[PDB]
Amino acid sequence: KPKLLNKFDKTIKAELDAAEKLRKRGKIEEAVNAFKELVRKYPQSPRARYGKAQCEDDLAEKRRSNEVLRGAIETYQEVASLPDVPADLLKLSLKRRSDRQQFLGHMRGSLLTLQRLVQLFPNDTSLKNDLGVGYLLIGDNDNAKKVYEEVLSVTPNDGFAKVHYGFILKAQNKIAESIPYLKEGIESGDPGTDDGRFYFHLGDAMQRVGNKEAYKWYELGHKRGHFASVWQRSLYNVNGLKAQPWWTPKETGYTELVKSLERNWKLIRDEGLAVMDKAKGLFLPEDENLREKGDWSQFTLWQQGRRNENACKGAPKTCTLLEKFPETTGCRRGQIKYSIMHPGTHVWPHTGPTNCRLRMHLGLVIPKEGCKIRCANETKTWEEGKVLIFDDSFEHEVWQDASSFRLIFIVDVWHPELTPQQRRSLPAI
């Protein structure tokens, strides 16, 4: 269906097809030398150059080599420098470049490729949509929002643009504005709209505005396979792990860790209070838009299984104690952090990103009334020197209506059923 042969390439079509047939059969090494001779004998053939780049792509896949793939990326670009390149071939080659550049983590490089595509094909709406994705991946929501606005100005009912526009609005706390975009986008059925991210935030946005129909979108996200359950809505999951809102120390197996926290809880408290009094700046405000109201800060010692050395200078005894427990210092999908919360604070119902961690809370300073945490349909209270354990991949919520501050210690551990091989291989979150 795609036209990939310019006038000259049609005159060597049998040579080109013979080389491609070698590649489709999996004879990658013979297809590499086939297209190499084609590139040597016809250095201006776009189809021969695309064949070279495609063989390198399969060779990188076969060898799991980033460097080989990097050679493919450059060759994909060489196709676009050749003269008399068909438009279909020009798009395929450069789109695959951005795709492989993202797979390697070269977000700034994919960005340039995507910009060249929009310039070379200013009437392709999908290429503008892909440019917005490149921005969303690098962290540039401002340029991502302008892109989808330009898309919506021309094609206002493009569903892909609507869900991404809605996602950007929600992330910017424009809750009410984002609902009609996330809803119309998902309902459009356009390619790219059936994504758990859009179901997740559409139901959360509706929850924040008191829209009772929020769970209808959680239910449909479960039916479409994006959520393990209507309650447990994490999106970076290992399937099969025991789903349970609340956990007991013995259920987790980390009883040695729980005893150490509950035996030495006062030293952990004291170092926290000491930071509160003489190093307030180490406590950083929560910055994921999880608060309806109030004040909430976190002092993080371990993140992504990495220890912050300067943070541990503020709690050296606590960091010394925790280093004996790799099930938490090595949880690259969790943290170790003090969490302080003051009266007048309500944390929105939310869920964490992954089901691969369990979350421990050690009570350090707990006022006698006004503090409580709900996970799923069960609500509990903290206690000074005791450890609660819950799966934050379930929906959870917190209120702080005391008359003084409430300080706890948050300790994430790998899900107990995760094998050591999985704990080493899972990408960090």
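Numbering starts at 1 and runs along the sequence shown.
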Mean B factor on CA atoms, stretches 293-301 and 210-218, record says higher is 210-218
Average Cα temperature factor in the PDB entry - higher stretch of 138-146, 340-348: 138-146
Compared with the other modelled residues in the chain, in which third is the CA B-factor of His361? lowest
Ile373: C-alpha B-factor third of its chain, per the entry, is the lowest
Chain thirds by Cα B factor, record data; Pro285 belongs to the lowest
Lowest, middle or highest third - CA B-factor, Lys266: lowest
Could you place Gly330 in the lowest, middle or highest third of its chain by Cα temperature factor, using the values in the record? lowest
